[PDB]
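In the structure tokens that follow, a single protein chain appears in two forms: structure 1, then structure 2.
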Structure 1
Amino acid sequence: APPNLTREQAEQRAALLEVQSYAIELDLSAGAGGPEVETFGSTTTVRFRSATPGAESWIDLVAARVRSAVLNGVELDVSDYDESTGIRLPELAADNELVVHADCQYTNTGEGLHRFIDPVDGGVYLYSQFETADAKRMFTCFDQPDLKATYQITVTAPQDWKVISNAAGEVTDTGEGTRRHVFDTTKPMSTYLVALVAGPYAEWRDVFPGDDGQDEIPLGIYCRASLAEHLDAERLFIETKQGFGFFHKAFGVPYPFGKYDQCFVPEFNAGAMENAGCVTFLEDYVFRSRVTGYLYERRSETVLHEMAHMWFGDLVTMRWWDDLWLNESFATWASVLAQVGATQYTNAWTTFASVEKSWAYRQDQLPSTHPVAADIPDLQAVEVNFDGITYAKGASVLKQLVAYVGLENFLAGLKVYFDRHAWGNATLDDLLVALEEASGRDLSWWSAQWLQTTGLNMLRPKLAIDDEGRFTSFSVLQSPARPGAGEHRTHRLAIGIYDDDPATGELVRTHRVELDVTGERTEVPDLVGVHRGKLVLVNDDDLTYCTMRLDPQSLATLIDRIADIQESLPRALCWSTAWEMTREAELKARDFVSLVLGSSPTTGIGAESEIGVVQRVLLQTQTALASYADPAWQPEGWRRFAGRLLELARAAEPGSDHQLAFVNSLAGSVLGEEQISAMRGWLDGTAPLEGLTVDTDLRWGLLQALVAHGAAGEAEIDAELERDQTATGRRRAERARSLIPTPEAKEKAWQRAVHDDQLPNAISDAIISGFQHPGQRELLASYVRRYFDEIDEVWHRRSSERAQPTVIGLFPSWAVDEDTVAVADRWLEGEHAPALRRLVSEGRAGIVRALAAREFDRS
């Protein structure tokens, strides 16, 4: 039970102490032994200064036992030691020295010095993970980011093992089964950035050739042995080299640490870690299969994300953890800049927009949303106060800060900031000021608008044109931020005009204006007299964080010309804007489906190069068919859609994501005779779609589609169960059982689902998962009113954790009716648990929204 350091405790210790250097010795000789090994030898010698001689302080440590601890000559009383209390340090001198001999535990969790035995070759692999505060599990330290120091690490290793750390080292053979690894003293670092990576790791090497004031850099890659066959080292070294050439130009600071080693470590909890000069990666980035291009891009971004930290995080580190959002956010942004600037992934801002940004917007519109910047009063707070929104929205708003300051200014203040604060600590405000100095902007209000609030502002353009089509006036209307306080933020955004390219007839940008948008209305005089083209795009370049609307004329053009938009970022914004206008009843549902389907499989989404956007659009199109479309037009809608899914898939590249995407969409769609015919053929080899590999997942999905339409019965599911029985498989089979279209099958599920008292929680969700379908609306009418009637008693019956998914999942979002809305209010009358009402409220709103759009579609 390690200590929950508080912001105050850290501030007080930071006030009093200044740490100079750490000397660490570790006995890892017993490490290559078997599971009975539980401890290792950690001897820490720390030199530090105190500015109130005679005061009492404390140093952090988490160990099995403490052999001895000797402050300034005196042997200290370790009899009472507990990890939650560390080591009190009374009678401090002005200059102190502490030596501590202890025995630390290896771990099997993510934290501290983690230990793993490869079940295949029996070899033992060690790695460390110290963020936020696990450094104390290896050595004695003041474990808080603002007491930086240099480290001199020496390890005694089994002789088969390599030992990688922050700095480069030298090895001398001990000839007793071991080797001794002495690593250079490092430059100053925080405790959680210290690395130790020890084992029989496969090892490559390469070097980034030095240039432009940047010295050469020794690079290496490591991974377990078994995994070494699948390591594309060549590729990784090219992407590492692209990054090092980019970042020192951009930042104006050469790589601060000596070499750059990157290790792929087993059982890694956190994906990647930016230990200085020793970056760690989870094993999923070692591609063991023919792998999709999105995975390469994602991996490329991840490598770049950690490399960025060398400067921002490792060279200048925060003071306390409430700047953790800024640290990761900046890195996220820097790595998309690098990808676009120096890698093959020149479409990176598009990916960012459809993946991280879209996700941020989705989260930020729910009632769960919270601001980026949270108060972090103690260490435990970090884990609960910063979540995905923090990071997804953090990156997106830092991108807008870059736009507002201006990129060249921003990069210019980065240099001031890295030089001003290098090998030291720094706050948000320390960086806002550097940026004020570089650009003359006033950012005193910025955090209060963007980091401390929630919700999105809408931007709608207000325009007028003359007989010639040239703007006579152009204003941007900003709406209050919702959900939230309702403030109007300040944006730097661009506006782009798109017109036919005479040579190709494709929509290309013919004009671009940038401006500060402020308050509830902003004028755009740079557009007066400019021809309005065919498409007017506010928030072009996706520089700001908002909800955008298209004018009526641009909207009409889009329906018939979206695939002709030459660039992917503008084309992705319109896919986004069209869906948001469908959600809000400004784009008729039927007209969104027409946007999506296009004239041909070569127009609309059939033409979208971007896999992320295709997936989202396909998913959103289904949602528009099931809920926003009008019942009269809906039967046709589904046929048109499943018709197009089928052609799109029978046209896509063979192992392509796009081909897979069209299959998976067809799977969840409502099908006609041919669709079922072809799909049935795909599970069999009767008529395989070429290149379409059918794994269990896809096979199960295809069957779930077959079974859901009556084309496949219980027997068909049952045999697939013989083909595969797994924890995942039972669930997958259970979902199929629930989908069969018969009241008896549904009746079984409601009771089994709602009422399986003794059913595993895995299975409950899988029983509900298949309980709904776009095409069984008639088959579910009974459960509309009964869910409301029943839920009360299950809420009182089941636990908090179990009950909420059942209410959310079985909420009758399939019945979009005034009747069902009326029933929601009817249920709403009786007093019920606030948490139960909390769900019915979210749930009811979805039905209401769907009904207003159902209506606009009729309009």
Structure 2
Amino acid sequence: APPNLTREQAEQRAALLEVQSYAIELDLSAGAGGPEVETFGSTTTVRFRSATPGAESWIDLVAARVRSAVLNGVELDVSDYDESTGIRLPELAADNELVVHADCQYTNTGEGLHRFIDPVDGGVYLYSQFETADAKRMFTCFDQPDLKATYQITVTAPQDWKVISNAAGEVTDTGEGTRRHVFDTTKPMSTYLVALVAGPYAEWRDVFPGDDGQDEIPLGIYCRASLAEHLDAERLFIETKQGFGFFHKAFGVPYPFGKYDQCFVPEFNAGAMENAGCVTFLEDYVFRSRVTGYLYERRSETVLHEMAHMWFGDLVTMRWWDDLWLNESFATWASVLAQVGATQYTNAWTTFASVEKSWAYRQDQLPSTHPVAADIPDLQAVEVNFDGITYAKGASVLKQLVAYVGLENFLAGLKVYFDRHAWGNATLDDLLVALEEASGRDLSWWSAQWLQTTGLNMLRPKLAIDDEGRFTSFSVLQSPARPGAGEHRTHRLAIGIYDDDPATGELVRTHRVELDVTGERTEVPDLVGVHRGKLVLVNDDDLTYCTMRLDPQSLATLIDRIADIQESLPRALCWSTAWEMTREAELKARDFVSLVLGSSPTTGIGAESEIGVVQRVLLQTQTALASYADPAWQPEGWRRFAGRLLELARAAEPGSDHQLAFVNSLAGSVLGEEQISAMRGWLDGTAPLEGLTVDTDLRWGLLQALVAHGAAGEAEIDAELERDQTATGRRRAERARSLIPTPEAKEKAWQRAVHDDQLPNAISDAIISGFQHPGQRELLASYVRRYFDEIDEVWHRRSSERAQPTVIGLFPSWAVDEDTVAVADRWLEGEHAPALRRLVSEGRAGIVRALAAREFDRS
């Protein structure tokens, strides 16, 4: 039970103490033995000062055993040591030295020093994960972000292991089967960013050359030896170098650390983590099979997100976890800026509008919404009070702050902020003050308007035109923020006018005006006299966070000609408005389906050039069909969708990303006999689709679809697993087994996913990922009751990180009916953990919205 540090306790300890240095010695010599190895030696020497001689404090440590603790030469009594109370430090002097010898535990969870044994070759791999407060599982420390210090880490490790930390180091043979790795003393940094990766990782090396008073940066990439054949190091290094050329120019500050290593690590819960000089990534970013450009784009965005943190987060750190939203929102915004500015992903604002903004809007339009900023009174509150809306809306609203301040001004402000707070801590207010000084804006009201509120403003044009089609008047109308307190926010936004390009017949932007929009109505004098064209967007360039609506002529143009919009971003904003309208019972599901499917090679989603938009819109369509369409129309809708997607798959360029996307969308669809027959032929090779690479993972996707339709079963799944006898094959097999369309199979899947804790986590998740399928809704009816009866116990029995996939993934989102709402209502009258209630409330809210949309679809 590690401690639940409170904000006030952190403040008290930060007021009293200042830490200079940690010197850490880790004995990992036993670490390459079998699963019976539990502990490693951890010695820490801390030097720190106290503002009050004679005061008492405490230091943190989660250890199996504390052998010794000595403060200023006095042995401390560690006989009653408990991880929840750490080590008390009585009678402090002005200057202090503490030496602790302990045995700490390896973990197989999301916290501390994680240990994994590779079943392919028996290699043993370690990596640390410390955010928020798990550094205390590896060494003794004042584990809070505002007590920065330097770290000098020495490790003794098995001789065949590489060892990577925050700084570069020197390695010497001990002649005792081990090597000693002495890392340079780091620059001052927070404990949660200290890193250690160790094991027989494969290594690739490169360098980002010295560039305009930034020292050269040595670069490394690491992954498990068993994955190395599929790691595309050269592409990763290209993107990495593009980021390092971009960020020091945008931020006006050189890379603050000495080198940069990126490690793909096993069983990683956290996704990616910005440890200074030593970034960790999940292994799903090493692609064994063909994937579309969208996944490469996403991976590059993650790479640049963590790189942005080397400045914002690691050079200058939040004082307390209540600014975690800001840390993440900034890094996401910065990652996309860098994508557009320095990489091949020059359409990344299209992605951000299509994916992140949409994700934000989908959640924030529900009564279950909450603000971005939250009070964080202790560590536990980080894990419960920050979620999907926090991150996607946070990034979205930060993009708007950047617009309101002005991009050049925002970057100037960041330079001052980095200079002013380098090597120390800062808060949101410190940033806002920098931005105010860089722009002349007043930002005193911004937080209250944007970070402490819920809900969306609708923005739409109110226009009047003369006989020539020229505006005589033009206003932006803003609705009250809902669901929420109805404020009218202040935005910086752009209005774009679009009309036919005579040469091509595409819709191109003929006028753009940027302005501040405030209150209920804002006149736009710049547009008086301008030709209205065919389409008006009042959130052109996607600068603000809103519900954009169109005037009637513009809406008719969208419906008739969305695919003729030339640039990807306005076109994506039109897809997003249409989807938002469908979600909110303003556009019928069947009309959204018809817009997406189109009727020709040049209409609908089949004409869309951005693969990420294709993929996302196709997913939204599948959701519209299952959730939002009137049940009596759903079979017809699925027939139309499956038909059109087979046509598109067959018409697509051989070997193209578009081909593969259409095939993958089929694989998640309700399929008719014609499509089942074509898919079988693609899988077994009796009638292949020309150019389609039917590799290991595409075989699984096709087979899974066949299983779901009854066309393949246990024997075929077992045969497939025999040809892909790997960890990934095992997960794919489980998803296929869960898809078997029988009551016995669903019962077994539920039992294993919900009640078998011996299963690895990723096998549990895989099982869950095949439980639902849009063709099998009737098999799932009895699991509405099962879910609500069992989720409390699951939440109690599993950690909340182990419970969430089950709570989210088995929420009965399929059972769109008033009976389900009523079961959920009653559950919600009971006593339950708040984080659980939040998830259940959100799923309930989705069903209520769906019921409303179905009623609209049959109007």
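Just so we're on the same page, rigid core means the largest C-alpha set that superposes within 1.5 Å between forms. FYI, numbering is relative to structure 1, first residue = 1.
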Selected structure - criterion: the form whose entry title says "open state"
1
Conformational change between structure 1 and structure 2, one of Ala93, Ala381, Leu219, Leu721, C-alpha moving 2 Å or more after core fit:
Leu721
On a core-based superposition, does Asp27 travel 2 Å or more at its Cα between structure 1 and structure 2?
no
Exceeds or equals 2 Å, Cα of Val821 between structure 1 and structure 2, core fit
yes
With the core lined up, does the C-alpha of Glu11 move 2 Å or more between structure 1 and structure 2?
no
Keeping the rigid core superposed, can you check how far the CA atom of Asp560 moves between structure 1 and structure 2, in angstrom?
2.3
Once the two forms are fitted on their core, CA shift of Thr602 between structure 1 and structure 2 in Å
1.4
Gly655: Cα shift between structure 1 and structure 2 after core superposition, Å, came to 4.9
